[PDB]
């Protein structure tokens, strides 16, 4: 059965719809850019990371948005007890408060955690840590994910390296992702709104998805978008 959809927002030519009914959710069909933010091997001096260093900004004291910086504006380098010593600490907007701002463990590791990015100013009621169901209409693959980072306000359709793997999308931060609008993202705003273990939020995503009607309902909905 088709779903009843009501437009709530629009970004970069992609319409965002409230899905009428309960539990509360919104949905959009978009491409999928790779966000390697939070991965502890994303950024390093001299293009040593999985992304080119300049994709995080200027690592010589200029504008650097890839992660935290020291008192002179240079990116914080990981320590001997961090996953990739000497690489830069890459940050995500969602964080684990158990760890300090200079720690890679504070941020969501894009390599290991399925997460979506929502455009800045376009969260549509979702809070970081809320859960989502993500579906690739071309591969039939799906995955639960958290809202883990905030993207440019003018860009939509983006998520983590691990989410790309789960969806069978090229996961390479330098050349992966897709511009084809093949990914359907169903967000449950208000579902979590805090950091918690992946086992816990994945379970909650599973319970919400079951209550909502399951992947079968999202598959039918995908044909409407």
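Positions refer to the first chain, counted from 1.
Participant: Per the entry, where is the mean C-alpha temperature factor higher: 50 to 58 or 160 to 168?
Facilitator: Per the PDB entry, the higher value belongs to 50 to 58.
Participant: Mean C-alpha B factor from the entry: is it higher for 213 to 221 or for 17 to 25?
Facilitator: It is 213 to 221 that shows the higher mean C-alpha B-factor.
Participant: Tell me, please, which of 117, 145, 89, 71 has the highest C-alpha B factor according to the deposited entry?
Facilitator: It is 71.
Participant: Of 185, 197, 178, 41, which one's C-alpha B factor is largest in the deposited record?
Facilitator: So the option with the highest C-alpha B-factor is 178.
Participant: Taking the values exactly as deposited, rank residue 109 by C-alpha B-factor within its chain and report the matching third: lowest, middle or highest.
Facilitator: Ranked within chain, residue 109 CA B lands in the lowest tercile.
Participant: Among the chain's modelled residues, which third holds the C-alpha B-factor of residue 122?
Facilitator: Middle third, going by the recorded CA B-factors of the chain.
Participant: Taking the entry's C-alpha B-factors for this chain, is residue 75 in the lowest, middle or highest third?
Facilitator: Middle third.
Participant: Can you work out whether the C-alpha temperature factor of residue 82 puts it in the lowest, middle or highest third of the chain?
Facilitator: Lowest third of the chain for residue 82's C-alpha B-factor.
Participant: In terms of the CA temperature factor given in the entry, to which third of its chain does residue 130 belong: lowest, middle or highest?
Facilitator: Its C-alpha B-factor belongs to the lowest third of this chain's values.
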